[PDB]
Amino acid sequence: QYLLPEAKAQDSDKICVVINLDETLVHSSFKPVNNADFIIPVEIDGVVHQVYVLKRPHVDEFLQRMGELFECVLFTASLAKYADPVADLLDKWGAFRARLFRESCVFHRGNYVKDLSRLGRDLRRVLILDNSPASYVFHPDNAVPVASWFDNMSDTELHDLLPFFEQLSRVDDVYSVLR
């Protein structure tokens, strides 16, 4: 069956956006860093390692606003033991109606792919925001590219995208704009 249950009713009329975690909303690593926004303990073979996470600039405004405009869904190739705690700490407003991790992606030709057909939404009303064009090779027409992010504290790409999404949120068919 599909990955998502039916949209709950205030969301039925909304475009579903699939949003990626790593290098899109945050950048994490095992290398300590003093200014991590989050530190997450992750157990790998019985040893607890520390993951240090930085928030992309304007991520908070981004999610708050996207959370009103869309049925927002987290889709990541990372494992839940990492992504779930990050999503918990990052998503103060409940933008994310659902979360999907590595086991929900399709492993194909090397890559973990976000197969949008598997969501169970109408694809004319689906978008994927993802920094890696490999993630949506099955549906590149549903995509809003976004540059990879690592630590540039001058980044404004999440602020700067909101106007595009505001107008996207209104249309009947996303292909009408991304062709």
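The first residue of the sequence shown is number 1, and the count goes up from there.
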| item | value |
| --- | --- |
| Stretch with the higher entry mean CA B-factor, where the candidates are 17-25 and 153-161 | 153-161 |
| Between 118-126 and 47-55 (mean CA B-factor, as deposited), the higher | 118-126 |
| Residue with highest C-alpha B-factor in the PDB entry, from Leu69, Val33, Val144, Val42 | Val144 |
| Third assignment of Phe75 from its chain's C-alpha B-factors | middle |
| Relative C-alpha B-factor of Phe107, binned into the chain's lowest, middle or highest third | highest |
